[PDB]
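Reading through the structure tokens given below for one structure.
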Amino acid sequence: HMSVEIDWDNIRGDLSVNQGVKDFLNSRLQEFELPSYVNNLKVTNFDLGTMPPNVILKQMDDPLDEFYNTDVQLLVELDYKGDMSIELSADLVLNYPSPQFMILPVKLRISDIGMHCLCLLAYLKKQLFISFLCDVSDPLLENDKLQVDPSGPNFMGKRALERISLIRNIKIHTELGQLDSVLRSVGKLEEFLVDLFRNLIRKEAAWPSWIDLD
Ligand SMILES: CCCCCCCC/C=C\CCCCCCCC(=O)O[C@H](COC(=O)CCCCCCCCCCCCCCC)COP(=O)(O)OCCN
Ligand SMILES: [K+]
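Numbered by the authors' numbering, the letters in the sequence shown go through residues 0 to 67, 85 to 196, 201 to 234 in order.
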């Protein structure tokens, strides 16, 4: 309906939004069991990209009850193709040739995150909630089996459980500092982390959950 410009420079520099996503991510990390090849997983940096998402404002409403004018809630399409990153640190546990033969601290960066999602942004009491709804190309939308009008008789019904991936692409890069095999275990950790991050966004940033920022 209507495109919205966005001051990425202002957003990219707000120290409270950056800490805030780090707070969200680390707090949600503590619910994830870590397998034998990793210890002490934490998000240590977060960098918004150079580029904003394209944003199309579809609708405006009073925020839904469950988030509890001048309170407001936007229904938006985010088309994000930028270069945002998340840095994680961890201890890589090598279990070859013996169990815990060696432990190496490593740094990983999740980046190249591609999404094209319907999303809610609820502003109330100086707070912003961000709740990803579903990919814009989810078949449930074309088939009219999922309703995404928050005002809104059948908003996000039982069929939302069959939602497709919210994340269209994602890369993880491990930085070296590990001349010391190691790469087999890094590969297991890369795979583990992509899956973890997918699951954390799905379960904690997507309706009926959301990211709560100040
Ligand atoms: C693991 C996931 C990591 C990334 C998770 C999301 C982190 C996104 C980072 C920050 C959220 C965006 C900050 C939005 C700034 C708040 C809105 C704003 O200033 O622009 C407001 C108008 O502009 C808008 O509508 C903002 C729309 C931008 C939404 C951006 C959403 C971020 C999307 C990131 C791409 C998705 C990648 C997610 C990766 C999993 C003006 O506000 P106001 O009513 O004049 O005053 C209210 C004062 N609070
Ligand atoms: K472990």
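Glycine included, C-beta positions come from ideal geometry on N, C-alpha and C.
DSSP places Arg27 in the uninterrupted alpha helix (DSSP H) bounded by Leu14 to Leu28. In the three-state reduction of the DSSP assignment, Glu191 falls in the coil class. Between ligand 1 and the CB of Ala226, the shortest heavy atom gap is not smaller than 7 Å.
The way I'd put it, the segment 58-67 doesn't touch the segment 15-32; fewer than three beta-carbon pairs between them come closer than 8 Å.
In this structure, ligand 2 has no non-hydrogen atom nearer than 7 Å to the beta-carbon of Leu56.
Around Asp154, the same chain offers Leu162, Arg179 and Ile180 as residues with beta carbons nearer than 8 Å, after the five sequence neighbours per side are excluded. Not one heavy atom of ligand 1 sits closer than 7 Å to the Cβ of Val152. According to the DSSP assignment, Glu178 belongs to no alpha helix (DSSP H), since it is labelled neither H nor E. Residues close to ligand 2 by the beta carbon criterion (under 5 Å to any non-hydrogen atom) are, from first to last along the chain, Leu33 and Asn38. If you keep only unbroken alpha helix (DSSP H) runs of at least 4 residues inside the segment 142-174, you get 155-158.
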